[PDB]
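Engineer: Listed in order, the protein sequences are those of chains B and A.
Basically the deposited numbering = 1-based index in the first sequence + 142.
Basically the deposited numbering = 1-based index in the second sequence + 81.
The beta-carbon is built from N, C-alpha and C at its ideal position, and this holds for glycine as well.
Below you'll find the structure I mean.
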Amino acid sequence: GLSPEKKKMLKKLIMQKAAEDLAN
Amino acid sequence: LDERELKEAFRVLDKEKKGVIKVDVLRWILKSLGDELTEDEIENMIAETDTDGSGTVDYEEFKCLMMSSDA
Ligand SMILES: [Ca+2]
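Okay, structure coming up:
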C-alpha cells in the first residue's frame with residue numbers, strides 16, 4: 143500500500159510530467 | 082479524473098507508442114520532480130503502479146492508480 147501523501151504525490155507528479163511534455 | 086485527461090496523459094507518457102509507460106519514466110519523474118524521496122520509496126511507488134512487475138505500466142494499471150478513490 144501507499145500512504146495517501148505518497149499516492150497523491152505520485153499522481154500529481156505523473157500529471158505534471160504529462161503537462162510538461164505535451165508543451166514540447 | 083476525466084478519462085479524456087487520463088487517456089491524454091497515458092499517450093504523452095508512452096514514449097515508444099507501444100501502449101505502455103515504461104517504469105523508467107516513472108523512476109525519472111520521482112527522482113527528478115520528487116522531494117527527497119529515498120530509492121526504496123521510489124521503488125515502492127513504482128511497484129504500487131506497475132502491479133505485475135512487468136516493468137511497464139499498461140492503461141488498466143494507469144487507470145487503477147489515477148482514478149482510485151480511497152475515502
Ligand atoms: Ca505492468
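Mind the definition here: the stretch 116-128 of chain A touches the stretch 83-94 of chain A only if three or more C-beta pairs lie below 8 Å; say whether that holds.
Structural biologist: Cβ pair count under 8 Å is below three, so no.
Engineer: Relative to the C-alpha of residue 153/A, which candidate in 137/A, 144/A, 146/A has its C-alpha closest?
Structural biologist: Summary: the structure shown does not reach residue 153/A, with chain A confined to residues 82 through 152, and so no result is reported for it.
Engineer: List the residues of chain B whose Cβ lies closer than 7 Å to the Cβ of residue 105/A, in chain order.
Structural biologist: If you number the second sequence from 1, residue 105/A lands on position 24. Ordered by position in chain B, no residue passes the 7 Å Cβ test against residue 105/A, which lies about 12 Å from the chain.
Engineer: Return yes when the Cβ of residue 161/B is within less than 8 Å of the Cβ of residue 94/A, no when it is not.
Structural biologist: For the purposes of this step, residue 94/A is taken as residue 13 along the second sequence, with counting starting at 1. For the purposes of this step, residue 161/B is taken as residue 19 along the first sequence, with counting starting at 1. Not closer than 8 Å, so no.
Engineer: Hey, could you find the ends of the alpha helix (DSSP H) residue 135/A is sitting in?
Structural biologist: Along the second sequence, one-based indexing puts residue 135/A at 54. Per DSSP, residue 135/A belongs to no alpha helix (DSSP H) and is neither H nor E.
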